[PDB]
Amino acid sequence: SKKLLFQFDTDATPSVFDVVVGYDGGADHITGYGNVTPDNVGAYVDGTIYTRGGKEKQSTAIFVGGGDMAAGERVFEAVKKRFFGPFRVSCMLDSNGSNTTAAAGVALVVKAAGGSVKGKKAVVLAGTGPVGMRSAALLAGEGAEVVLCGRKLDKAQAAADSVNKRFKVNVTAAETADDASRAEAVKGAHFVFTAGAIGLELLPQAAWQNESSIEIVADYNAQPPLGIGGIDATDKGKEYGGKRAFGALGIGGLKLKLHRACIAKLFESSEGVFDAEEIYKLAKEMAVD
């Protein structure tokens, strides 16, 4: 049968980005809905689980997206709640590319570290957005001592508490109100991620290149001024003295491949659940070829 992807977007209209990548992942047809909520998604899921039987079920799948991760998660939980017994299809959550971006970034850094970050300090500057929170979660699952930073302690602690509950980890929070406190926060860190909003610098070249402990720096911001000073957005494990850098476009190349590969996996079984953990497991395989 034809591979049908149902795209459920929490925004007013479905993401164009998610359509292109869905087709490049091998969907035969993508049918998109905007304004999806936990209340209206149940009837859409019924359409996917009562129309095809046996092996044909794996040819229908669900992708949840949109700009807001918390809204995407509520819809994704309502999808999983509507399934029962054998009445289910594979599903994926990737609101604004946040899961695939964080999975790509953490997989590349863990590989560059020699395959382990256990017991080492990892700092996620501006870690209160969805990319920073998913990065913190994946690093903490790998055993890193994670400090999730932001301009206000209350917001940073609420982000750490949310990650800790969802992923069963113990990330800690720190307030970094200014440039100087972000330079102080990376002292003694082995791994540094900048997960800031687009077009902002969070850490100059002098604040990381003179810190002996820093092994690898990773930046998710591709718009100049880049999150980390002294690197290029295309860096992908480029050496700077004894340290290695990953720029946003170096990470982005793997994120695009991973997102397409997750879509293809949705049609290989009718019971896949692709959220951060499963997406990250695939990212690590794809970083080792």
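Residue numbers run from 1 along the displayed sequence.
**Student:** Take the C-alpha B-factors listed in the entry for 92-100 and for 196-204, compute each mean, and give the stretch with the larger one.
**Tutor:** Averaged over C-alpha atoms, the B-factors run higher in 196-204.
**Student:** Give the stretch, out of 230-238 and 257-265, with the larger mean C-alpha temperature factor in the deposited entry.
**Tutor:** Per the PDB entry, the higher value belongs to 230-238.
**Student:** Given 124, 138, 185, 217, identify the residue with the highest C-alpha B factor in the PDB entry.
**Tutor:** Highest C-alpha B-factor among the listed residues goes to 185.
**Student:** Of the choices 191, 76, 167, 84, which one's C-alpha carries the largest B-factor in the record?
**Tutor:** Comparing C-alpha B-factors across 191, 76, 167, 84, the maximum falls on 84.
**Student:** Would you check the entry's CA temperature factor for residue 69 and let me know if it's in the chain's lowest, middle or highest third?
**Tutor:** Its C-alpha B-factor belongs to the highest third of this chain's values.
**Student:** Hey, what third does residue 57 fall into on Cα B-factor, ranked over its chain?
**Tutor:** Ranked within chain, residue 57 CA B lands in the lowest tercile.
**Student:** Sorting by Cα B-factor within the chain, modelled residues only, which third would residue 28 end up in: lowest, middle or highest?
**Tutor:** Middle third, going by the recorded CA B-factors of the chain.
**Student:** Taking the entry's C-alpha B-factors for this chain, is residue 131 in the lowest, middle or highest third?
**Tutor:** Middle third - that is where residue 131 ends up once the chain's C-alpha B-factors are sorted.
**Student:** Lowest, middle or highest third: which one holds residue 283 when the chain's residues are ordered by CA B-factor from the entry?
**Tutor:** Residue 283: CA B-factor falls in the middle third of its chain.
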